[PDB]
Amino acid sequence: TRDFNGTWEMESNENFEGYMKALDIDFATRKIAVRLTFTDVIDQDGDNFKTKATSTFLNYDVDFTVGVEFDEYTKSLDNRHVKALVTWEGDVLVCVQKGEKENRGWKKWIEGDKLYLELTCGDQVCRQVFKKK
């Protein structure tokens, strides 16, 4: 069909970074665009086209079972490969990420109606708290 009309949500994006590298794009905007997804609204009347490309950040998925070792590529962060294992310590989810970095992992627990997540590596700890919606 010749009809490109409608709203299109991206599902795949292969060699986007290589394409941008060939375009002589700069490290900053290459790192910006590599963490996105796009939706194109095309309005097409015969041979007249009006396109609008909206971009937002691509969700990151992590699926695991407690006690089962899995392979995690932290595309969210440093894009490293680690072997991750999660355990129950009382009501605490303790995850160890074995790999190049020492003392790397996180701990997650809930107090009241708020969630507490401590991400750790080398000596740097990061404390984040989330509210339930």
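In case it trips you up, residue 1 is the first one in the sequence shown, and so on.
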Next on the checklist: So, looking at the entry's B-factor column for Cα atoms, which has the higher mean, 40-48 or 64-72?
Outcome noted: 40-48
Checklist entry - Among the chain's modelled residues, which third holds the C-alpha B-factor of residue 15? => result lowest
Next on the checklist: Ranking the modelled residues of this chain by C-alpha B-factor as given in the entry, is residue 131 in the lowest, middle or highest third?
Outcome noted: middle
Next on the checklist: Split into thirds by Cα B-factor across the chain's modelled residues, where does residue 110 land: lowest, middle or highest?
Outcome noted: highest
